[PDB]
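To start, the structure under review is shown below, and the notes come after it.
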Amino acid sequence: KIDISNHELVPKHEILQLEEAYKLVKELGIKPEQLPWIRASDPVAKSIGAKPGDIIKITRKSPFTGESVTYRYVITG
Amino acid sequence: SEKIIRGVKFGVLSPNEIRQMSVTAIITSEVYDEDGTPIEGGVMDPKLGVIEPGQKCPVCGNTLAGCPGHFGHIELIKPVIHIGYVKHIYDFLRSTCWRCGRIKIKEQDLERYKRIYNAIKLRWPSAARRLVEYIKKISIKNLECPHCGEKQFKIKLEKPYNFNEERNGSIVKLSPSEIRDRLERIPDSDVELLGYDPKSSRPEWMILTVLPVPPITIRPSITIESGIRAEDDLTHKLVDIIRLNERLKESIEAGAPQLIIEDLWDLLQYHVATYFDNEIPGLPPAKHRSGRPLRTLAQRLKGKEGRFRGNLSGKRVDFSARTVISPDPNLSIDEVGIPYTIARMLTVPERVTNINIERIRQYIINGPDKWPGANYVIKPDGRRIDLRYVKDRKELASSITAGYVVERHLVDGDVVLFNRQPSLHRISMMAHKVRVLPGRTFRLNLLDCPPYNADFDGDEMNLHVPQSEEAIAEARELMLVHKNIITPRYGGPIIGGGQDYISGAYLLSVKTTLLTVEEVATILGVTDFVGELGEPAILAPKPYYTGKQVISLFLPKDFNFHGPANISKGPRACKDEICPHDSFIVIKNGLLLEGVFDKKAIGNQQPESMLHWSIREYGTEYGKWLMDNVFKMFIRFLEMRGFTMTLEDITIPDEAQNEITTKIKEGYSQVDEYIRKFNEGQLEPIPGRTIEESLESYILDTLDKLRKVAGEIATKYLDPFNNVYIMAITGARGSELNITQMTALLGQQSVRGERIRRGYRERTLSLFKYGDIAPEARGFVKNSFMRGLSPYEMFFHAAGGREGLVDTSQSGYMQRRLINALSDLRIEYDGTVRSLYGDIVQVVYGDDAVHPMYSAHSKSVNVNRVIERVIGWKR
Amino acid sequence: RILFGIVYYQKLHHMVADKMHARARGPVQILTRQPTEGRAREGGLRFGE
Amino acid sequence: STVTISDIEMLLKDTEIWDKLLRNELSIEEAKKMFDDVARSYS
Amino acid sequence: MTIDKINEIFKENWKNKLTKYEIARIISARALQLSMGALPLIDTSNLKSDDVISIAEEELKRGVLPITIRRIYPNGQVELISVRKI
Ligand SMILES: [Mg+2]
Ligand SMILES: [Zn+2]
Ligand SMILES: [Zn+2]
Ligand SMILES: [Zn+2]
């Protein structure tokens, strides 16, 4: 319908490989569902083809460090 | 063995449990007989509990201190509905068959639903809730039990607690007996799938067959000096329930009209439901004597005076005081002044060791009436001794050893908590060091007012004395005042100079100030300075010191600072080190060589100031030392110099008044031209506004420009070195609008952005013509406060300022919601922000893990400041 | 030079002799067993939320 | 089944796969294959 | 960069440094057990103040306290910090 990933309010989304996600959850000492959640029907989740059980690596713009990295866990809904 | 509480398990109270824990059975409805002794078997049975100081409980050999209340039970012959579980009984009724007691869903799907629910109940509670809601929604609308196919009838609930079937007759009412009998049929698995614990919350237990009787410990009798005992409302209701229980039982065994039985069954149920909760929607409140609604179990728990917010979230505490506050510039910023009366009443309990035994002995020698003394002595086994009833306090002092506890008066150096309400941020309550002084007031330093938002108009503050060693240590380590100079809201100091401090600093640091040895010794006598003054700045013809030279004695010998002063707003600004007006501050190697000290160098709430950099780069202890020494010099120099406000500081000559009059005439001519153009239809509007609305805008613009020009003229023809101008330009008090209004004119008065119009028809006052919209007719004041206002000018001025007199619940509600939303977040050793339940909120706090309290005004590092620190003495 | 004058002053009935109250220990409520309320009684300051 | 029930079941299956992978009872490739199978079967 | 460079900088910074909460806890515990009859580990003959909290502060300033801080990281790793002469 319309491509929204180029909007200035939308940060970069990236699907994270299983080995990298496994290493991340081991080094954080958590279960995957203890991260902030993102829905599989999210407009940006569908743009990259994200399925539930994945972890999305998000890079946002920051006034203190320039670039900041965040992780979200894909849920159903 | 001493344990701790690690959880609470909730459930519905089984009637077997109600009977088993009960100590008696309440059968009699008579509370007190002729003499006054309580009837055994009534509501006031002594078996329930003891509330009398001298009485002893029969159930347990304990007095009021050691006796917990004991429970009784009222036996109900006809079951009643618990009003607090109606929404659950309704769901159990609507989603279950009334013959076999099943969820009314095919067992093939039921088994897999149960499997999924058992798998997900603990990891995803929200998913389990949605699954249960879906099962209930698809099971309610079945109309035929798959196990029966018996044409299930729909059930409707009539408030508050009336259940109505819809059979072929379309009207039939369900009694609680049939409801409970239907709810007994449901198996444990079906209850568990519906979202309820079967072994702890069984659905038919929501239909009451036995009623617990609260203990008398929670049901006290108020002793009033009127001589009549007043009972609490719980007994006043329980007597009604027991009466109706007796009133209805005799009818069953004696006759059966079957219409008076149900007209009493609907009254006992009402009594029980109202005993559980009053203010039931669509139900009359219950009074006792004066038409005052009763207070019941659920009314003791809700509200701002209820159990939760009145006794659990907040409470009244011991060892606290409240008093008016007054200033004290002779205290440190860490200190608070305490009256002698309060010091002798509040006490700190100190355990006797081998290092402090002599000091404690000297405390004991002094009684409760001499400071510093003591009020009590506690022996190692745990007996207290009132020192005012001791025959000889000198022998008791000699007999104390290590292990005794002495509750002594407050002494200088004790740590207390000092608080002002409302407590909006955490530095609304800080730790202070006690100093006992004559008077009946709480004395506070003037630099400590901004954090408290405090004032000396009649304000009051609270005091709290920590009692244990750990609490005192925490208060001294984390809450001390000087450790909290920089606020966490932004990277800036919340403690700093005020009104006399700023003007005293300006007058001392100006380059014309010359001092003699005696004046220098007088100024430095209020500080801690002892040492060599060096040579005077001027050696001949006379030896003179400089104010900058004296100030430089307190700056660190490697401090560098370049920056403008507050007085550099006007033409004296040069934006470089070559300034003949002392507008640019130059500090090199801790030597004040140029510039003055004013609000932009030492004032409070000024981020990235010289004082802020000093505190940041030398520690908060240095800031405490600086505020306690240099800020007194400013006051002392004001005392020596003399600072007053006369009436010639705001009086302009006659030529200035003539110029202002000519400007006012020109403005009035412009307004008249606008009005004429409007009357002749040659006035263009502004987009989005009508004509006669644009004319008002033009008039307002013209009058505002007139006020600005008149203020400029008045400033031009006034002395730029009078005390009002000094107070204004330095930032101590006042603005340029105040000077303009006091010396040139008030200008146009307005109400909600418009001129003054409300009054008679087409005129505000009867003094003016019909339809007159000249500036004076609608609220333009052309006089100043110095010259005086006209009667109608005074009326217009009073009308303009009316809406400032009207000038919090929304702010409190928002802050409370934020506190309850965010209270569980913590910073981990990982650097991560996590909740106390383990959920991750931020991978790293902020973006660089920098505390706003340690920031250089939101910056982790100011690189220009570092460069100035390193090479500022040669730049 | 300092400005000296004569101004009419008034004393208001808000006096600190009727505004200060402290409590170390005292009576407690019969129900909640918490400190009492008011300067007429021994007192107790509320430590709110 | 229903969309909500399918979502709940796929969430449960993802949880089980992650639990088994985190206990070193599965390899990364087997977990990838099972995740793909669940995603395709519940699309 | 384990998770991020900022987290590594954080953990490296707090490796051999005490937070204010740890200092407050140590001082309060030492004062509480010093008021209960323990023997001071310093001279306590020419100190300015003879109360327990001042003695605990001076005992912490010059490392004589045989106390160890146990830091438990969220992944289960344990770090031990000793205040006895560091
Ligand atoms: Mg005030
Ligand atoms: Zn008892
Ligand atoms: Zn059935
Ligand atoms: Zn200049």
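Chains as they are written, first to last, in the deposited numbering: chain H, 8 to 84; chain A, 2 to 808, 813 to 880; chain B, 981 to 1029; chain Q, 36 to 78; chain K, 1 to 86. Ideal Cβ placement from N, Cα and C applies to all residues, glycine included.
If you check the CB distance, A:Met641 and A:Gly564 do not come in under 8 Å. Between the beta-carbon of A:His465 and that of A:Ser321 there is about 5 Å, and that keeps the pair under the 8 Å contact cut. At a Cβ-Cβ threshold of 8 Å, A:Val60 and A:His71 count as neighbours. Think of a sphere of 7 Å around the beta carbon of H:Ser75: the chain A residues whose beta carbon falls inside it are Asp852, in chain order.
Bounds of any alpha helix (DSSP H) do not take in A:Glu461; it lies within the beta strand (DSSP E) bounded by 461-465. B:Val996 belongs to the set of residues whose beta carbon lies under 8 Å from a beta carbon in chain A.
When DSSP states are grouped into helix, strand and coil, A:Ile714 belongs to the helix group.
Identification of chain H residues near K:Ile3 by a Cβ-Cβ cut-off of 8 Å yields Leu31, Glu34, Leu35, ordered along the chain.
Secondary structure note for A:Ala120: its alpha helix (DSSP H) is the uninterrupted segment 108-121.
Taken in chain order, the unbroken stretches of beta strand (DSSP E) that lie wholly in the region 12-80 of chain K and span 3 residues or more are 68-72. Non-local beta-carbon contacts of A:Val412 in its own chain, meaning distances under 6 Å to residues more than five positions away in sequence, involve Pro373 in chain order. Here the distance from the Cβ of A:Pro721 to the nearest heavy atom of ligand 4 is not below 7 Å. Where A:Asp387 is concerned, the enclosing beta strand (DSSP E) starts and stops at 385-387.
Here the distance from the Cβ of A:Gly459 to the nearest heavy atom of ligand 1 is below 7 Å. Membership of H:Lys64 in the beta strand (DSSP E) is indicated by the continuous run 62-69. Using a CB distance cut-off of 8 Å, K:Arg62 does not count as an interface residue toward chain A. With respect to chain A, the C-beta atom of K:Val52 has a partner C-beta closer than 8 Å.
In this structure, the beta-carbon distance from A:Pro340 to A:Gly440 falls below 8 Å. Neighbours of Q:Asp42 in chain H, taken as residues whose beta carbon is under 7 Å from its own, are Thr83, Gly84 in chain order. Ranked by how close their Cα comes to the Cα of A:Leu438, the residues A:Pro452, A:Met431, A:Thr528, A:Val337 have A:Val337 in first place. Under the 8 Å criterion on CB atoms, A:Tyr699 is classed as non-interfacial with respect to chain K. Between the region 42-54 of chain H and the region 4-14 of chain K there are fewer than three C-beta pairs closer than 8 Å, too few to call the two in contact.
Among the residues of chain A, those whose CB is under 8 Å from the CB of Q:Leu46 are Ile121, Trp125, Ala128, following chain order.
The region 475-489 of chain A and the region 426-434 of chain A touch, with three or more beta-carbon pairs separated by less than 8 Å.
The alpha helix (DSSP H) runs lying completely inside the region 252-281 of chain A and spanning 4 residues or more are 261-277, given in chain order.
Within chain A, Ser469, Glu470, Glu471, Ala474 have C-beta atoms less than 9 Å from the C-beta of K:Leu32, given in sequence order. Under a criterion of Cβ atoms nearer than 7 Å, the residues of chain A adjacent to K:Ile23 are, in order, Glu478. Proximity of chain A to H:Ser48 at the Cβ level (cut-off 9 Å) is not reached, the minimal Cβ distance being about 16 Å.
Distances from the CB of A:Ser584 to the heavy atoms of ligand 4 include at least one below 7 Å.
Not flagged as an interface residue toward chain A: K:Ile67, since no C-beta distance is shorter than 8 Å. CA-CA distance, H:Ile62 to A:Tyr197, rounds to 34 Å.
For A:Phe72, not one C-beta of chain B is nearer than 8 Å to its own C-beta. With contacts defined by Cβ atoms closer than 8 Å, A:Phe797 and A:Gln750 form a contacting pair. Boundaries of the beta strand (DSSP E) harbouring A:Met430: 430-437, taken from the DSSP string. With a threshold of 16 other beta carbon atoms within 10 Å, A:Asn446 meets it and is buried. For the set A:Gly498, A:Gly624, A:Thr647, the Cα lying nearest the Cα of A:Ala602 is the one of A:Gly498.
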